[PDB]
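Scroll down for the structure; my scribbles are underneath it.
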Amino acid sequence: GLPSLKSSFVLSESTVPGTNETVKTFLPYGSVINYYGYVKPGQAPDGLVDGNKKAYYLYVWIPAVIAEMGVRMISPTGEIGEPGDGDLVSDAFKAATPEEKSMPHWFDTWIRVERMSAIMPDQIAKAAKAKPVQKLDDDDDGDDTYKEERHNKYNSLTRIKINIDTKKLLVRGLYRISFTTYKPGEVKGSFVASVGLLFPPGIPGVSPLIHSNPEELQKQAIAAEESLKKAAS
Amino acid sequence: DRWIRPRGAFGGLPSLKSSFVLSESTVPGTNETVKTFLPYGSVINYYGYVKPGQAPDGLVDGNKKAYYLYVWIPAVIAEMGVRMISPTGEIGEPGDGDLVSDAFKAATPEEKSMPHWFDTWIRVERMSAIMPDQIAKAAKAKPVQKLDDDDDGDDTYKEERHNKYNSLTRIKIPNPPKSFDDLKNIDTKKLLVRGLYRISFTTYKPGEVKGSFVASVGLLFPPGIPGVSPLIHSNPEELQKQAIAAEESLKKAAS
Amino acid sequence: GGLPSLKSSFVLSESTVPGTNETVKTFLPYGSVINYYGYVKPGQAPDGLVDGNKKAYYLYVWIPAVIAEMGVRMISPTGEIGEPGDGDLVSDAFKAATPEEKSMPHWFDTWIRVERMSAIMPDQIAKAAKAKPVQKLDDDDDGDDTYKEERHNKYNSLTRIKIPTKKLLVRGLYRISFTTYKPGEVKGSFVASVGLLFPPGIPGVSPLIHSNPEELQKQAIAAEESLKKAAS
Amino acid sequence: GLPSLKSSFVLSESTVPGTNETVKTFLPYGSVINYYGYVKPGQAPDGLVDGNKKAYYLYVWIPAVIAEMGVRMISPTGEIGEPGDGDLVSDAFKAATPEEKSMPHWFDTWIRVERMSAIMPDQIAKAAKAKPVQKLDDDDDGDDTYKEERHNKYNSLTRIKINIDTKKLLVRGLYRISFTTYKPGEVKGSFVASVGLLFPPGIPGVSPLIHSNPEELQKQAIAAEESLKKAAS
Amino acid sequence: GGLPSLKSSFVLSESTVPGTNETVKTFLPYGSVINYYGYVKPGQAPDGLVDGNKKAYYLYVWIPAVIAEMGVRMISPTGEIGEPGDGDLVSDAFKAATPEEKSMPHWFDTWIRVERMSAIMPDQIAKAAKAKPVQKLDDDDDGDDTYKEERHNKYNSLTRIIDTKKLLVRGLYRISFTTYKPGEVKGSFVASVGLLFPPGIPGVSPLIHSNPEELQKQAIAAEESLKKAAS
Ligand SMILES: [Ca+2]
Ligand SMILES: [Ca+2]
Ligand SMILES: [Ca+2]
Ligand SMILES: [Ca+2]
Ligand SMILES: [Ca+2]
């Protein structure tokens, strides 16, 4: 089903004699999260992008500078697969039928990454309600990880990585990822979002944390630093 | 359109391909992905040998031995690929269509293999010529702009005989651009517009060096269109003769 | 003789004529040239509008990889010059027009605009055509010097976009607007010419041109499919 | 003896009522290395700084961006303590007597951090022989971690951390730390150098590596990435 | 016959030839054109030196009032092209040279430089000529496209002269006819200078001469003539 979301960091490379091909081995992200959603006409989104595009959010708390972040969005999901263990699944997606999650129902995806104002774990729920601080990137039709043949190649993919611009320094802070649409107004279909972070996972207060609910992210981000405090005394 | 088709009828030396990705597919259950690249319209391989006490084509920065290939470009080209590997012995011998220096011909199989080798280095420069009959002239004159330098960039040949010091550089236009705003100011170090270019195959280390090397040049442009396709040669006079004839052929054909 | 060739600005040959006042130069032809015959009829819908009030007709150009120069020309009227030949694009309105309608005194002051569209892959072409331009590369009003105009003031259009950086024709979709100096209603025939300095007929590498974006996409897609296949 | 070298990242803070004091808890560096050396007149250094200052090198290989690096240099060492397990000790220091390692024998310390040219593990020995690429920082009398009372407070301390300048982006690459002197020419005395890196230790090919010998650093840096390769396939 | 006219870059007429390679262009001729025939003989002193080591030969131009364009051209050799005619300047070295000496294989890689001198009044001309240049307007190596060169590589020179100062306002200009190659060179050459301005209006039309003193004498008399007419 879903192809792995890997970093752009090349570990190994070898060309295949007598062909135009070359095999590349990429360093995987320390942590990857998949998010299954469903856009139903007449159903409220998490928010709007540029005032008229339905958007759904994932929030990322980064305790310390990270080399690269990968973001991907594909629609639809039916022909690819269903959520597995550890995947995030929206209520709308659970309610949707196999037929609703497959062709011909889909939409033209769009991704936007923004830096929020929070710089401490307990400011996360607050910053989520506040306006963005800087837009880091937008991508329309960038995906090349999934061989899309059900329709035009309109799936999204963006990699934010490293006088280099500040718009790609993933330093300590809160980030919001908007999974949205190319087309303004009403749209219909399933989608799967993927987020990868190039950093060792599972080190409380040091490793990045991801969630769709800011309040929940805060709770976890706070506990994680408390754990780090405790260990350091 | 035989140039798009794959094949090196393999004999050691990995193909030098462009950075333009035609196809991509990941292998499930692994960390690997298979990429198909667009080949250069024309690729030339050049086999040389650096013998201590033997005069080079010239010097780089006054103390590095250098050997030249000259490239005449009739009209803008998307990308140029340059590669340099040392030594050659364990890879293969020159085939049909490959340039071979006199020094390389004289060298023995033993001389062309480990432990004899050197740390490669590539430099690309724009010369002054803008017309085919100015080529021999511009070759004698000083460079006009340095486009690039590469020390240890090669990733096409899996080097295991020594540290990965082989050279590889690709000069190109952003494809795709990071933004549409990119397009309004492209670093001129990258515009392979009409003109003469000199590639210096040289060394990391100053002074005397010893060993064989194979140089590769690829140009992303349809080959074999007289006066339109790029030409490559190690001798500037010869390059001029050919570049002149080619444009004459173009002139003629145009009446 | 009819319609003069549209050639690039690259000089191949040059020689002056002793004792006389003119010079003769040989120019490199474009790899591909396409001619388009149109007719602007009052009360007939254009392809679109330029600046909100100028009738416009489009040609779309898909460029797989950087190109040195593009040449665009536009002349009105056509009657006294000639009729379309084989391989020329001809609008329905032009086909319907009579010889009388296609000749003086019916004509208009031509205008050309070239714009970069958003598409960077063949299957984004139809989409980008419906979207707003991304950058304007050039405008020309009275630039033509290829056709000796003597039927009226020299108002014919000619623009060459080239390198001696927005105006570098890198991979992407371009829209050429054949339009008018004058806002509002205009009447007359016109012949457009597009030249691209690049070897023709190399599928997935050579440029493609078409007045219909959907058709252009179909062809651009097939061409890269052919290029894929050949490379494997 | 030697005080811990900690990062500048504050985990906890609390003021003491009725006083001018406040207690701060700092996040320790993921890895800290101490290096014991001895400058003997007439003995060749690792190199020279600005052509006339004796210098001794530690090399740092950084696989991926790091938030902060701490560098410290103290002289002399006698009254503080001797090397323990895991500490680097030069041959000169081993040969020196307790008397030679104590007052009145000491010198005015100086630290310089430079980015080298290597960007791959096997280029490390090479880059070490080559000229620096950028100077990141110098410090003369910055130390405030060790209460110096044997002489003027001339010990060195520098923290390199995060349009912010490139001279503090500790991205992937080789770094050379020069432990040198304020005074040009001959100097005499023991010294202890400390290096800290704000990053999780012991993750092969991801965690930073430190050594005084570039060739040895290369060997370890290479093996570490090989290990990472292997794990990723 | 031989020597092609040197015309301005001003296009009067244009017409393309249907079904062919060509478009024919009619150019505005310069108001005045002067041709200068010289010969570089090894061991013979030049007028001066360019960049200290290139032999150079001078033409001086006095311009009473702003001019649109100046054209400068230099070709080597001259033998196969033609001999000087009436109104052409001819150096003594050229007169002494034989037909053989003026033909292939004897020639050199030409080079042109144009410089503004200090004079701004006619009677300062001889003085400014001895003084250092004031500004360099242009250099050209291999610019010529007026003569179809086939005897050797196309190395003949041609130059046509927050914003710029290639402005030909009132003042003295020196044209240096020189060589690409430093040091000794051998061969004949023909230099052409065109000025886009009506000729023969004393004190208003430009004057040209290889000898600065002579140029001064004429420039002075010309303005004296203009004075007189105006009173
Ligand atoms: Ca999209
Ligand atoms: Ca190298
Ligand atoms: Ca017009
Ligand atoms: Ca100090
Ligand atoms: Ca010349």
Side-chain angles (χ1 to χ4, degrees), chain A residues 1-16 21-34 65-72 84-87 143-147 157 159-162 170 194-203 206-208 210, chain B residues 14 21 24-36 152-160 163-164, chain D residues 30-31 61-66 118-124 171-174 199-209 217-233:
Chain A
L2 180 57
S4 300
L5 213 215
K6 304 160 291 283
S7 81
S8 66
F9 189 90
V10 180
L11 290 174
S12 156
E13 198 156 2
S14 64
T15 298
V16 174
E21 294 180 329
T22 140
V23 177
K24 301 221 274 199
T25 298
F26 289 97
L27 179 61
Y29 289 110
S31 58
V32 174
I33 192 62
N34 303 305
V65 72
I66 275 156
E68 176 179 319
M69 174 189 291
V71 185
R72 177 223 275 150
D85 289 325
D87 288 343
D143 183 46
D144 54 15
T145 64
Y146 173 71
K147 205 180 171 195
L157 175 74
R159 290 191 176 87
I160 301 170
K161 63 162 173 160
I162 313 166
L170 303 165
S194 297
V195 180
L197 297 161
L198 198 52
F199 196 89
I203 304 163
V206 180
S207 300
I210 301 176
Chain B
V21 177
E24 196 156 3
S25 61
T26 300
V27 175
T30 78
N31 277 313
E32 291 179 333
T33 140
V34 177
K35 300 220 276 197
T36 300
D152 306 317
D154 186 48
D155 54 13
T156 65
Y157 172 73
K158 202 184 174 189
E159 181 62 86
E160 291 166 342
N163 290 346
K164 293 167 159 59
Chain D
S31 58
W61 171 254
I62 298 185
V65 72
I66 275 156
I119 51 169
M120 295 293 270
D122 67 352
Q123 305 170 3
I124 284 164
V171 307
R172 180 178 177 88
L174 179 64
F199 196 89
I203 304 163
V206 180
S207 300
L209 300 177
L217 177 61
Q218 176 167 117
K219 180 181 182 186
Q220 299 181 189
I222 287 172
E225 278 212 325
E226 217 75 67
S227 164
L228 176 67
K229 267 159 129 292
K230 202 179 181 71
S233 69

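Naming: A, B, ... by sequence-line order, numbering from 1 per chain.
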Measure across [X] and [Y] and return the closest heavy-atom pair with its distance rounded to 0.1 Å.
{"X": "A:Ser8", "Y": "A:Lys161", "result": "OG-NZ, 3.0 Å"}
{"X": "B:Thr30", "Y": "B:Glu32", "result": "OG1-N, 3.1 Å"}
{"X": "D:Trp61", "Y": "D:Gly173", "result": "CE3-O, 3.4 Å"}
{"X": "A:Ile210", "Y": "A:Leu197", "result": "CD1-CD1, 3.6 Å"}
{"X": "A:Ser12", "Y": "D:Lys229", "result": "CB-NZ, 4.0 Å"}
{"X": "D:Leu209", "Y": "D:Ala224", "result": "CD1-CB, 4.2 Å"}

Give, for atom [atom1] of [X] and atom [atom2] of [Y], the distance between the pair rounded to the nearest 0.5 Å.
{"X": "B:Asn31", "Y": "B:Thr33", "atom1": "CG", "atom2": "OG1", "result": "11.0 Å"}
{"X": "A:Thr145", "Y": "B:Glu24", "atom1": "OG1", "atom2": "CD", "result": "8.5 Å"}
{"X": "A:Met69", "Y": "A:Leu198", "atom1": "CE", "atom2": "CG", "result": "11.0 Å"}
{"X": "D:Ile222", "Y": "B:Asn163", "atom1": "CD1", "atom2": "CG", "result": "6.0 Å"}
{"X": "A:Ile33", "Y": "A:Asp87", "atom1": "CD1", "atom2": "CG", "result": "6.0 Å"}
{"X": "A:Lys147", "Y": "B:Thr26", "atom1": "NZ", "atom2": "OG1", "result": "11.5 Å"}

- request: Show your reasoning for whether side-chain contact (heavy atoms from CB on, under 4.5 Å) applies to B:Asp155 and A:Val10.
  value: CA-CA 10 Å; B:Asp155 54 13; A:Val10 180; over 6 Å; no

- request: Indicate yes or no: at least one non-hydrogen side-chain atom of A:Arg72 is less than 4.5 angstrom from one of A:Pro3.
  value: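 Answer yes - side chains close enough.
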
Between [X] (side chain only) and [Y] (backbone N and O only), is there a donor and an acceptor less than 3.5 Å apart?
{"X": "D:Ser207", "Y": "D:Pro200", "value": "yes"}
{"X": "D:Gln218", "Y": "D:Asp122", "value": "yes"}
{"X": "D:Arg172", "Y": "D:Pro63", "value": "yes"}
{"X": "A:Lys6", "Y": "A:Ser4", "value": "yes"}

task: List the steps, then state whether side-chain contact (heavy atoms from CB on, under 4.5 Å) holds for A:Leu157 with A:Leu5.
output: CA-CA 10 Å; A:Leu157 175 74; A:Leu5 213 215; 4.2 Å; yes

Test log, rule side-chain contact (heavy atoms from CB on, under 4.5 Å), inputs D:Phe199 and D:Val206: CA-CA 9 Å; D:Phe199 196 89; D:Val206 180; 3.7 Å; yes

message: Using the rule given for side-chain contact (heavy atoms from CB on, under 4.5 Å), can you reason through A:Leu2 versus A:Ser194, listing the C-alpha separation, both sets of side-chain angles and the distance that settles it, and then say yes or no?
response: CA-CA 10 Å; A:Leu2 180 57; A:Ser194 297; 3.9 Å; yes

message: With a sphere of 6.0 Å drawn around NZ of D:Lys219, does it hold more than 12 non-hydrogen atoms of other residues, nucleotides or ligands?
response: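 Count not over threshold, so no.
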
